[PDB]
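Peer 1: Sequence first, structure after, both from an experimental entry:
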Amino acid sequence: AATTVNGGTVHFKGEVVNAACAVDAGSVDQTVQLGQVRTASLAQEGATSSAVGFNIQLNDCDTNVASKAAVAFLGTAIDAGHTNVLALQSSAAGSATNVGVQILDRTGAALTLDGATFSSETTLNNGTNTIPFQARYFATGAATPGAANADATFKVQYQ
């Protein structure tokens, strides 16, 4: 097999809210490419790679019925002790293993895929808002090559 994950991707799903702020159509459905990460760079449980800086845009966000937006990412957990790492969707065609992808909160902290684990306070403004997060690989051993692609649904909380 190759030495990389052939370029992994994380597809984020939105449309969870339409109350105070409507998530942008490009943010309710976006697939950020992490690229072909080198497996030799992640050869130990706890190894972290460079993150991408993707953004969740909110169109017409009201701060009279809300205050701060904090999203909760729910996705496949790679392990019980690694419920904060998105597991690679297993297509049984050669998915990646001993790694995964974590969504870092706006403060730079890995979010648990609990569904009720929200990010930090994104102070909302009346108008166009954008919540920037960082997606990076996290090794749970010796990063092995394969399809490193995951799915994550985010739930913004402002009320």
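Peer 2: Alright, I've got the coordinates. Numbers count the residues shown, from 1 in each chain.

Peer 1: residues near residue 117, how many?
Peer 2: Neighbourhood size, residue 117 [other CB atoms under 10 Å]: 18. Every C-beta, even on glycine, is put in place using the N, C-alpha and C of the backbone.

Peer 1: what sits against it?
Peer 2: By CB atoms under 8 Å, 6 or more residues apart in numbering, the contact list for residue 117 reads 72-73, 111.

Peer 1: check which helix or strand covers residue 154.
Peer 2: When elements are assigned from DSSP states H and E, residue 154 belongs to strand 150-157.

Peer 1: List the pairing partners of that strand within its sheet, with orientation.
Peer 2: strand 8-13 (parallel), strand 68-75 (antiparallel) (DSSP bridges).

Peer 1: And those strands: which comes nearest residue 128?
Peer 2: strand 68-75 (12.5 Å; CB to CB).

Peer 1: After the closest one, which helix or strand is next?
Peer 2: strand 101-104.

Peer 1: can you dump the C-alpha coordinates of that following strand into PDB?
Peer 2: Only the C-alpha atoms of strand 101-104 are listed here, as PDB (Å, rounded to 0.1, in the frame of the first residue of the first chain):
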ATOM      1  CA  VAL A 101      -9.300  13.300  12.900                       C
ATOM      2  CA  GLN A 102     -10.100  15.700  15.700                       C
ATOM      3  CA  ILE A 103     -12.000  18.900  15.500                       C
ATOM      4  CA  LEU A 104     -10.300  21.500  17.600                       C
END
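
Peer 1: buried stuff in that strand?
Peer 2: Using 16 or more other CB atoms under 10 Å as the burial criterion, the residues of strand 101-104 that qualify are 101-104.

Peer 1: Show me what it is packed up against.
Peer 2: Here strand 101-104 touches strand 8-13, strand 127-137, strand 150-157, going by 3 or more CB pairs under 8 Å, 6 or more residues apart in numbering; DSSP states H and E.

Peer 1: Dump those strands to a markdown table, plus distance to residue 28.
Peer 2: Shown next, in a markdown table, are the helices and strands packed on strand 101-104 (distance: least, CB to CB, whole Å):
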| stretch | distance to residue 28 |
| --- | --- |
| strand 8-13 | 7 |
| strand 127-137 | 13 |
| strand 150-157 | 9 |
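
Peer 1: Could you work out which of the ones you listed reaches nearest to residue 58?
Peer 2: Nearest to residue 58 among those is strand 127-137; the distance by CB to CB comes to 4.1 Å.

Peer 1: Name the strands paired with that closest one and say parallel or antiparallel.
Peer 2: strand 52-61 (antiparallel), strand 101-104 (antiparallel).

Peer 1: Thanks a lot, see you next time.
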